[PDB]
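Asks: The structure under discussion is supplied below as structure tokens; questions concerning it will follow.
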């Protein structure tokens, strides 16, 4: 399948080179997989989601996205125009208020919710979780993400936007999950992107076009934007049978574009997510 005039990041994940604008992918498109977006919520009624998104949990007075951040990440996972995995199922878990902030205990509860809730959903091709969030180091936040991974869910988390070593942030520093940094359309490390030995992969993160609340669209930047590219790619690859939840992060790094990014500090992997699709 070929989507012309696609956002640059979708084209990049199916290209050996930068600078193209067509996204190529297998038409299975993540059908039969599920991705939990743990964030500020999802505007499920956005036409771009085609009925495939729904909220399943909130810790606040409403389950609606009054911020836009969670709607934008879910659009990069699975919207018809802006998503990697265009037939996957999206489940929203609102752990952040409409200002984009949330207590760690609420975030830990949301991770534990997903590890049980997936036994209530139909996901024959596997389960992914996308955590575009984080803060200072916390062993209890890391152990929550480690439990969610252990339960059979591919966990992808943002490295953080501090231009620093991600060892000092959580859940970025949990070694058992997939920690994602950000790159731009010229194959440069995004200027805000964290780095370090804990990072596993890079995805597109600067000037990313996606769904927004009010039925709109907009382009924003962050390692929160690169995380759903990798989350969506794992759901895509799990539907094709190429990998499993326990091993997708390893598979994605094994099959990535190697040595293509500039300004990667010594000791950080030089690996950009790639779907290896041959049309």
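Each value in this text was obtained by applying a stated rule to the coordinates, not by laboratory testing. Note that each Cβ is placed from the backbone with ideal geometry, even for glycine, and that neighbours are counted across all protein chains shown.
Asks: Does residue 200 satisfy the criteria of being out of contact with any helix residue (DSSP H, G or I) (no Cβ under 6 Å at 6 or more places or on another chain) and either surrounded by 20 or more Cβ atoms within 10 Å (Cβ to Cβ) or under 27 Å from residue 86 (Cβ atoms) (or both)? Can you show your working first?
Replies: Values: out of contact with any helix residue (DSSP H, G or I) (no Cβ under 6 Å at 6 or more places or on another chain): no; either surrounded by 20 or more Cβ atoms within 10 Å (Cβ to Cβ) or under 27 Å from residue 86 (Cβ atoms) (or both): yes.
Judged against the criteria, residue 200 is not a match.
Asks: Filter the stretch 131-143 down to the residues that are free of Cβ contacts under 8 Å to residues at least 40 places away in the same chain and assigned to a strand (DSSP E or B), then identify the one that is surrounded by the most Cβ atoms within 10 Å (Cβ to Cβ).
Replies: Checked the stretch 131-143; the qualifying residue surrounded by the most Cβ atoms within 10 Å (Cβ to Cβ) is 135.
Asks: Another question, if that's okay. Select from the stretch 46-58 the residues that are assigned to a strand (DSSP E or B) and crowded, with 21+ Cβ neighbours inside 10 Å and list them in ascending order.
Replies: 53
Asks: Then there's this: It is to be established whether one or more residues within the stretch 245-254 are closer than 24 Å to residue 80 by Cβ and out of contact with any helix residue (DSSP H, G or I) (no Cβ under 8 Å at 6 or more places or on another chain). Full working, then the answer.
Replies: Start the filter on the stretch 245-254 by keeping residues that are closer than 24 Å to residue 80 by Cβ, which leaves 248, 252.
With the extra rule that they be out of contact with any helix residue (DSSP H, G or I) (no Cβ under 8 Å at 6 or more places or on another chain), the set shrinks to none.
Within the stretch 245-254, none of the residues are closer than 24 Å to residue 80 by Cβ and out of contact with any helix residue (DSSP H, G or I) (no Cβ under 8 Å at 6 or more places or on another chain).
Asks: From the residues in the stretch 251-274 that are out of contact with any strand residue (DSSP E or B) (no Cβ under 8 Å at 6 or more places or on another chain) and surrounded by 15 or more Cβ atoms within 10 Å (Cβ to Cβ), which one is farthest from residue 15 (Cα to Cα)?
Replies: This residue is 251.
Asks: Now, a different point. Which residues, taken from the stretch 32-45, are more than 21 Å from residue 97 (Cα to Cα), in a loop (DSSP other than H, G, I, E, B) and within 17 Å of the chain's Cα centre (by Cα)?
Replies: Here is the first cut: in the stretch 32-45, the residues more than 21 Å from residue 97 (Cα to Cα) are 32-34.
Pick out the ones that are also in a loop (DSSP other than H, G, I, E, B) and you get 32-33.
33, the sole residue that qualifies.
Asks: Only one of (1) outside any helix (DSSP H, G or I); (2) touching a residue at least 60 places away in the same chain (Cβ under 8 Å); (3) in contact with a helix residue (DSSP H, G or I) (Cβ under 8 Å, 6 or more places away or on another chain); (4) farther than 26 Å from residue 279 by Cβ fails for residue 92. Which number is that?
Replies: Of everything listed in (1) outside any helix (DSSP H, G or I); (2) touching a residue at least 60 places away in the same chain (Cβ under 8 Å); (3) in contact with a helix residue (DSSP H, G or I) (Cβ under 8 Å, 6 or more places away or on another chain); (4) farther than 26 Å from residue 279 by Cβ, residue 92 misses just condition (2).
Asks: Does the stretch 242-279 hold any residues that are farther than 27 Å from residue 186 by Cβ, assigned to a loop (DSSP other than H, G, I, E, B) and in contact (Cβ under 8 Å) with a residue 40 or more places away in the chain, and which are they?
Replies: 244, 245, 246
Asks: Something else now. Can you go through 157, 77, 114, 128 and tell me which one is within 30 Å of residue 5 (Cα to Cα), part of a helix (DSSP H, G or I) and under 16 Å from the mean Cα position of the chain (by Cα)? Steps first, please.
Replies: Values: 157 fails: part of a helix (DSSP H, G or I); 114 fails: within 30 Å of residue 5 (Cα to Cα); 128 fails: part of a helix (DSSP H, G or I).
Being within 30 Å of residue 5 (Cα to Cα), part of a helix (DSSP H, G or I) and under 16 Å from the mean Cα position of the chain (by Cα) holds for just one of 157, 77, 114, 128, which is 77.
Asks: Can you tell me which residue in the stretch 201-235 is nearest to residue 41 (Cα to Cα), limited to those that are under 13 Å from the mean Cα position of the chain (by Cα) and part of a loop (DSSP other than H, G, I, E, B)?
Replies: Selected residue: 222.
Asks: Would it be correct to say that residue 210 is over 22 Å from residue 147 (Cα atoms) and surrounded by 20 or more Cβ atoms within 10 Å (Cβ to Cβ)?
Replies: yes
Asks: Determine which single condition residue 274 fails, assuming it passes every other condition in (1) closer than 16 Å to residue 205 by Cα; (2) out of contact with any helix residue (DSSP H, G or I) (no Cβ under 8 Å at 6 or more places or on another chain).
Replies: (2)
Asks: Another question, then. Return the only residue of 61, 82 being within 14 Å of the chain's Cα centre (by Cα), part of a loop (DSSP other than H, G, I, E, B) and over 21 Å from residue 121 (Cβ atoms). Walk me through it before giving the result.
Replies: Working: 61 fails: within 14 Å of the chain's Cα centre (by Cα).
One residue alone meets the criteria, 82.
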